[PDB]
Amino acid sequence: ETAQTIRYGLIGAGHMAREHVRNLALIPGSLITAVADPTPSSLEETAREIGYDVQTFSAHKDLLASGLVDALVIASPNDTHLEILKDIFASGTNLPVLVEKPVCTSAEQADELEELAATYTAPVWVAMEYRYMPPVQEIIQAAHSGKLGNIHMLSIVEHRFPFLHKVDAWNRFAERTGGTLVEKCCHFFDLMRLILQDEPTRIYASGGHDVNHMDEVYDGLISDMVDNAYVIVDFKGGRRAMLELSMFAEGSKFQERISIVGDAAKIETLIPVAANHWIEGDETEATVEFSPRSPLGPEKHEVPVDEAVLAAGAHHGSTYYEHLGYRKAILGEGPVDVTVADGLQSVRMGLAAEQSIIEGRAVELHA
């Protein structure tokens, strides 16, 4: 049981970086060595969380020259993801990267990243982790095993609280985030491609900035970000999906609903609000419900998460499994489950959707 050891470098050391550290703390062989972030308060809090001594830098290139690291984790703001990847690619360090979603934030960016990512050879994983939520694992297995028959429809409903406060308010601005439908919803456009095993062809969306962040001023600016939307997505093989997002529906005991409908059965999972954002002492569990057409007879069970794994994140235990998988890719004992290609599609879908909200019209996509 000699744990092989991986030395992790964190580039960006804020809210999500600290979720990575709590999760790596549950995985033997996991050691944080370097942490780069140009905001001192961020380095301080992240160092407190790690709980043991680490080298800190205020710039990533220094971290890259340190020789302190076996693998990278990028958790900086969305629009910075490309620069840091270009830099990692040109470093000659050939380091594995776990880069947070969205992998980028514009069409120009995605084009560039597509060409560049081809020549880089080390594991590059886009940190879209929703698929590893245990409840959502079942849903996906069921869909893939043909237990639903031919799949026709996928609905995703997220009802949640306004965008949280982040360092320098980066998440309040379309140009830094890619828009709400890239920032928040890329996870969901990915899930669509994964579950339906198909590529989108058309997308229409209707959304607004109707409720949130109205009294928050940032050097004379208000948030330009969407806080509610419906999205319909058409696919190559005649399947269709729908996304409902509200960022002011936080009263809802269940934050996510995902239903898949095939021609033999339907399946539906309900994901609760994380314990951190919900009332104290009212922890509900996630459910999965299987509903065959014939014979009638729905079966529903709770899908529990290990008390520790659940407590380490606000994404229902997913971050832990993401890291077990990143580890295996780093060691060569497993694949990159969520590629750059995956990331680029999810972003392009979200960008199309942001475009549809602006022009009041559907938008075509290319394979």
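Heads up: residue numbers just count along the shown sequence, starting at 1.
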Please work out which of 154 to 162 and 236 to 244 has the higher mean CA B-factor as recorded in the PDB entry. 236 to 244
Between 141 to 149 and 265 to 273, which has the higher average C-alpha B-factor in the PDB entry? 141 to 149
Can you tell me which of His209, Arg172, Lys86, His187 has the maximum CA B-factor listed in the PDB entry? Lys86
Out of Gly178, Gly220, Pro295, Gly251, highest CA B-factor residue: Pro295
Just say lowest, middle or highest third for the CA B-factor of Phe290 relative to the other modelled residues in its chain. highest
On the chain's distribution of Cα B-factors, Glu100 falls within the third called lowest
Going by what the PDB entry lists, where does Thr119 fall on CA B-factor within its chain: lowest, middle or highest third? highest
For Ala308, does the deposited CA B-factor place it in the lowest, middle or highest third of the chain? highest
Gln197 - Cα temperature factor, lowest/middle/highest third of chain: highest
